[PDB]
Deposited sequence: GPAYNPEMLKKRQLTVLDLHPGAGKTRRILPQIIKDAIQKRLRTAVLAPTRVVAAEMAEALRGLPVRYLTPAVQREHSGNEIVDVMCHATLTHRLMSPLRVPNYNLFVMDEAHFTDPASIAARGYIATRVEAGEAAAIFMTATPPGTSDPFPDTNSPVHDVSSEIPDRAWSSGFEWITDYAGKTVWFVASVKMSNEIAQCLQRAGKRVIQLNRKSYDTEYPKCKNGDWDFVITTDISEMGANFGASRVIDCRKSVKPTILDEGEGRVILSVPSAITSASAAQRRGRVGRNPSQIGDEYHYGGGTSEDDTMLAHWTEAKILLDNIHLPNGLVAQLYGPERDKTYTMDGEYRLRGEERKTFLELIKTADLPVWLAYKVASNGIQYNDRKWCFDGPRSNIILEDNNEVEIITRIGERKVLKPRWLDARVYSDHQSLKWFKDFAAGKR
């Protein structure tokens, strides 16, 4: 759409800026937005998808009075705050006072993390009510349908069969490749299997996922790698010095079955959206001086993601954000129809909401599972629910078992990193 203009900072304005690699979002557009906001004395929240991007913003906004609310001194007089999407949501769910932001600027606003969706709903609600302006920045705005957008440098788009598991023959084109490859896989479990196969083939491999990103992504800069094997987390602003993307064009989707008690299952890998495909491809084609970038895609796209648990989880989060003067939160317009129940259905009382926030924010439990635990009067430190569940809920590692739980969320035991964490949570830590 149109280019950033100060009109966009006025109350009731919500603008999606379709801003692409190259010129000049973090180092030129964002700084100008913030300069204009300060000039108009607007109380501003700048929202990054990840701590990594929040640090990059800090670099870009040097010389402006900006407070960084992510883990470092401040005057206490700054009116621009930089944080993660989830930090805003998490703050809004606590009784601690949230400033009356006049302007929200959300980077990588396509992020479908539940707390990102919830943030957008809160923001859109405040804007619609005339209390704020919002700018959402993304290369894939609502209604994106093109998996193959124009780029800064040409990309060779190639339909290719992509392994979903280890292989012992064939796929020579994968391993013969002399440059750097970013390979989007459907899951962490797939990541581990693909990565180990490539390592046995002598390749230097970095694995990026939600958990590993903060520590592992900074290692990419050094160039000491052949493959980055990544989940969808790299769709939120990752910049690789790569010449090839491999994209299985799939993702495992969590889904809530409900279904007596409820559980969350992980779908078999299924087609991603056209917007997601464009974001995966968009890791390459960025540098006009680098020709011959390749994008290999292993399947089609599908726009129906209404079964994603994140949509319900977003409104569980949103039902637990107290709004000043009678305002009832709805999801951001383009995201409203994905699901919907009775408004306020997931709203919790004080002590339960506090337990809920701590389960999600400190224990890193999925929002649904944290909600199940909190909604049943369980105290944060009371792990008894992890052991006194039905028989069917026994958890197995290599079909064992190991040492439950009252409720099953497949996201806590479907890979090595996650099960290792959930077992520790069962303690402990």
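Quiz prompt | Ranges of the deposited sequence (numbered from 1) for which no C-alpha atom is modelled | solution = In the chain as deposited, 72-74, 407-417, 444 carry no coordinates.
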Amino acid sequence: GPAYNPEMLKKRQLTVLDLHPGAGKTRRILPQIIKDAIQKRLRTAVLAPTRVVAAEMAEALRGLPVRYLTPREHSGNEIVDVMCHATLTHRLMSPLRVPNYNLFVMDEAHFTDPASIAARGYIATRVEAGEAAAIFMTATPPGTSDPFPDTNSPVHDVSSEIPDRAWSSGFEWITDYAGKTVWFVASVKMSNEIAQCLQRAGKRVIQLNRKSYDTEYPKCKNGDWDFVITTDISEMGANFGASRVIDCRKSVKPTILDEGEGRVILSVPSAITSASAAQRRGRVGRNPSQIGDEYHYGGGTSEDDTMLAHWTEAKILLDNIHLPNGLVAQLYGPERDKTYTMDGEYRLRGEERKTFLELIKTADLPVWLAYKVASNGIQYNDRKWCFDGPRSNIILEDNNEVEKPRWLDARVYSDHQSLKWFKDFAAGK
From here on, numbers count along this sequence of modelled residues.
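Practice problem: Please work out which of 406-414 and 8-16 has the higher mean CA B-factor as recorded in the PDB entry. | Solution: In the deposited entry, the stretch with the higher C-alpha B-factor mean is 406-414.
Quiz item: Which of the two stretches, 74-82 or 197-205, shows the higher mean Cα temperature factor in the record?
Solution: Averaged over C-alpha atoms, the B-factors run higher in 74-82.
Quiz item: From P288, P147, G298, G121, can you pick the one with the highest C-alpha B factor in the entry?
Solution: Max CA B-factor in the entry, restricted to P288, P147, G298, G121: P288.
Quiz item: Among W183, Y340, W225, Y217, which residue carries the highest C-alpha B-factor recorded in the PDB entry?
Solution: If I rank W183, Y340, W225, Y217 by C-alpha B-factor, first place goes to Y340.
Quiz prompt | Within-chain third of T151 by Cα B-factor, per the entry | solution = For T151, the deposited C-alpha B-factor lands in the middle third.
Quiz item: Against its chain's modelled residues, does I360's Cα B factor rank lowest, middle or highest third?
Solution: Highest third, going by the recorded CA B-factors of the chain.
Quiz item: Among the modelled residues of its chain, does the C-alpha B-factor of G389 lie in the lowest, middle or highest third?
Solution: Its C-alpha B-factor belongs to the highest third of this chain's values.
Quiz item: Within this chain, which third does the Cα B-factor at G179 fall in: lowest, middle or highest?
Solution: Tercile = lowest for this residue's CA B-factor.
Quiz prompt | Entry-reported Cα temperature factor of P114, expressed as the chain third it lands in | solution = For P114, the deposited C-alpha B-factor lands in the lowest third.
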